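Observations on the three-dimensional arrangement
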Amino acid sequence: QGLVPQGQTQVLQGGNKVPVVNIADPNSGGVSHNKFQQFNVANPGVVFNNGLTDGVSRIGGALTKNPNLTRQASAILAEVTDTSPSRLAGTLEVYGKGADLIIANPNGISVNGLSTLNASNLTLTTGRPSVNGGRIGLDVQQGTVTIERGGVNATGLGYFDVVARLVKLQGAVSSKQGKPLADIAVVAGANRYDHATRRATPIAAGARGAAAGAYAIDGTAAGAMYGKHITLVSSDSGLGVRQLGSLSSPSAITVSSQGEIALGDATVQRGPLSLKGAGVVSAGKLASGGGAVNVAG
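This report concerns the structure included in the present document. Note on numbering: positions run from 1 along each chain as its sequence is written and may not match the entry's numbering; residues without coordinates are not listed. Water and hydrogen atoms were dropped before computing side-chain values, which therefore reflect all heavy atoms in the structure. Residues with missing side-chain atoms are left out of burial classes, side-chain pairs and their counts.

Attention now goes to the nonpolar core. Judged by nonpolar contacts, the single largest core of 60 residues is most densely connected at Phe 39, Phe 48, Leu 124, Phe 160 and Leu 232. For this analysis, residues touch if any pair of their heavy atoms sits within 4.5 Å. Contacts of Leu 124, omitting those with residues within four sequence positions, involve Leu 88, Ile 103, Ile 109, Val 111, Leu 114, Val 145, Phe 160, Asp 161, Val 162 and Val 163. Counting 13 residues, the second-largest nonpolar core is a separate cluster that includes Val 31, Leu 138, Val 187 and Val 233. Nonpolar cores were defined as sets of buried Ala, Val, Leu, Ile, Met, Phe, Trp, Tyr and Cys residues, with membership established by side-chain atoms within 4.5 Å. Residue burial is assigned from relative accessible area. The probe radius is 1.4 Å, only protein chains are included, and a residue is buried under 20% of its type maximum, exposed over 50%, and partly exposed in between.

Below, the structure written as structure tokens:
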């Protein structure tokens, strides 16, 4: 239910201490690959130690440099290797050099009131990672990510990506009003997702994600999203994207489905609203402040 590292990764924790992950030394491409038997974050959060010097974290107070490091990471991957899902709540803080965060658990991830500090970008995935130097591929064949009512605060990220077999959106994903707005991508289905290009290519899996007509992405009214660009992608044939949570974006909303699309309200201030599905595509009220709206089943 906690944090149980493997290999060179260490976790400084104990009682009331905010846990500090002494991440593994990164490879030549800047990726620190950290395997865990169990990975969970609870309020107030966790500190990833990407520090070559002693200092102070915002949520955790004083800490020393990470003894594993000969250089700082540009991407920190936490991969769960055993059978338990991950729960994430609180702040994911990177102490030291800012880096991409990737949390991968094929068993599932649930998210409730998540934020970040000094993370460049954040990816939550049920894909199994393949790491080759700087190149990270995520092979999604199973698992659900659920955003619970507490939601995600993406403020300060370039993007927040959720990449899983199925995705449930039951809380808001947004950046704070007037602050640097993150892009949001939700990518469902059996895919290889390349972390550097943020492109999904469909792959074979051992089982279906769900039945024909079931929803690969299912957002309720509580799952409202606000992002610089918002992209929703479902690649499994016959599965739907349902997102009843209002979508709001300054620059683009794009939905691609290999089945149905069913949206509520969606608005883009200065850019295109594009819906492309294999099945029936429907939307409640659409608006674009400079009118690019395309809908195509």
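Now that the structure has been shown, we can carry on.
Moving on: the pairing of strand 23 (residues 215-219). In terms of residue burial, strand 23 counts as a mostly covered element, since 4 of its 5 residues are buried. Paired strands, as defined in this entry, are two strands with at least two bridges between them according to DSSP. Strands here mean DSSP runs of E at least two residues long; helices mean DSSP runs of H or I at least four residues long; both are numbered from the N terminus. The pairing of strand 18 (residues 166-169) with strand 23 spans 3 bridges and is classified as parallel. Across the sheet, residue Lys 168 finds its bridge partner in strand 23, namely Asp 218. Where strand 23 lies against strand 26 (residues 240-243), 4 bridges are found, and the strand directions are parallel.

This next bit is on unusual backbone geometry. Omega for the bond connecting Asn 43 with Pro 44 falls within 30 degrees of zero, at 5 degrees, which places this linkage in the cis form. Within the secondary structure layout, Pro 44 lies in the loop between strand 4 (31-38) and strand 5 (45-50). The phi dihedral of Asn 118 falls on the positive side, at around 65 degrees, and the residue is not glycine. By the element assignment, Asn 118 lies in the loop between strand 11 (109-117) and strand 12 (119-125).

A few words on the layout of surface pockets. Summary: where empty space remains is shown by rolling a probe the size of a single water molecule over the atoms. Here the term cavity refers to a set of points on a 1 Å grid, laid over the protein atoms alone, in which a 1.4 Å probe fits but cannot get out; the term pocket refers to an open set having protein on both sides within 12 Å along at least five of seven lines, with lining residues being those that place an atom within 4 Å of a point. Grid points are joined across faces, edges and corners, and a volume is the space filled by probe spheres set on the points. For the largest pocket, the calculated volume is near 370 Å³. Along its surface, the largest pocket is lined by 18 residues, and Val 187, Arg 198, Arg 199, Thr 231 and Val 233 are the ones closest to its centre. Mapped onto the lining of the largest pocket, the elements with two or more residues apiece are strand 20 (183-188), strand 21 (191-194), strand 22 (199-202), strand 25 (229-234) and strand 28 (252-257). Only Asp, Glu, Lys and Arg are considered charged in this grouping, and only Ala, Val, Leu, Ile, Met, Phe, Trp, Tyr, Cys and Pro are considered nonpolar; every other residue, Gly among them, is considered polar. Of the residues assigned to the lining of the largest pocket, the class counts are 7 nonpolar, 8 polar and 3 charged. Within this model, the second largest pocket holds a volume of roughly 160 Å³. Looking at the lining of the second largest pocket residue by residue, the class counts come to 7 nonpolar, 6 polar and 1 charged.

The next subject is the pattern of salt bridges. Basic side-chain nitrogens of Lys or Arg form a salt bridge, by our definition, when they fall within 4 Å of a carboxyl oxygen of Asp or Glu. Applying the stated criterion across every chain yields a total of 8 salt bridges. A salt bridge links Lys 65 to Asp 54, with the nearest nitrogen and oxygen atoms 2.9 Å apart. Here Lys 65, found in the loop between strand 7 (61-63) and strand 8 (75-80), pairs with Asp 54, found in the loop between strand 5 and strand 6 (55-57); they are 11 residues apart in sequence, far enough to count as distant. What you see here is one network of salt bridges that share partners, running through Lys 35, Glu 79 and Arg 128.

A word on the side chain of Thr 155. Of note, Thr 155 is situated in the loop between strand 16 (152-153) and strand 17 (159-164). The buried category is assigned to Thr 155, whose relative accessible area is 18%. Polar contact is defined as a pair of N or O atoms within 3.5 Å, subject to the rule that within protein one atom must be able to donate a hydrogen and the other to accept it, and that residues adjacent in sequence are counted only when both atoms are side-chain atoms. Side chain to side chain, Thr 155 and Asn 153 meet in a polar contact 2.6 Å long. Within polar-contact distance, the side chain of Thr 155 engages the backbone nitrogen of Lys 176 at 2.8 Å. When neighbours within four sequence positions are excluded, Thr 155 is seen to be in contact with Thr 116, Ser 174, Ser 175, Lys 176, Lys 179 and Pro 180.

Read from one edge to the other, the open sheet built from 4 strands follows the order 13-14-21-22, with strand pairing classed as antiparallel. Edge positions in the sheet fall to strand 13 (128-132) and strand 22, since each of these pairs with one other strand and no more. Each strand of the sheet is rotated relative to its neighbour by a mean of 20 degrees, with strand direction disregarded. As paired elements, strand 13 and strand 14 (residues 135-140) share 5 bridges and run antiparallel to each other. Fitted lines through C-alpha atoms give the axes, limited to the stretch in contact for helices. The angle between two N-to-C directions lies from 0 to 180 degrees.

This part takes up the packing of aromatic side chains. Two rings from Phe, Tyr or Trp (for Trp, the six-membered ring) form a pair when their centres are within 6.5 Å of each other. A pair whose planes differ by under 30 degrees is stacked, one over 60 is edge-to-face, and the rest are tilted. Per the stated rule, a full pass over the model turns up 2 aromatic pairs. Between the aromatic rings of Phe 36 and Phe 39, the centroid separation amounts to 4.8 Å while the plane-to-plane angle is 70 degrees, which identifies the pairing as edge-to-face. For the pair formed by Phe 36 and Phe 39, the shared burial category is buried. Measuring from centroid to centroid gives 6.4 Å for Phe 39 and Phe 48, while their planes differ by 20 degrees, and the two rings are stacked. Here the aromatic cluster, defined as three or more aromatic residues joined through ring pairs, consists of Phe 36, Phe 39 and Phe 48. Put simply, a charge is over a ring when the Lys NZ or the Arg CZ is close to the ring centre, within 6 Å, and near the line of the ring normal, within 35 degrees. Positioned over the ring face of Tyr 159 is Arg 198, at 4.2 Å from the centre of the ring.

Turning our attention to the sheet that holds strand 17. Taken together, 11 strands build an open sheet; the order of strands is 1-4-8-10-12-17-20-25-28-31-34 and the sheet is mixed. Sheet topology places strand 1 (4-5) and strand 34 (292-296) at the edges, where each strand pairs with a single neighbour. The sheet contact formed by strand 31 (residues 272-277) and strand 34 spans 5 bridges and is parallel. Bridged to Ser 274 within strand 34 is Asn 294.

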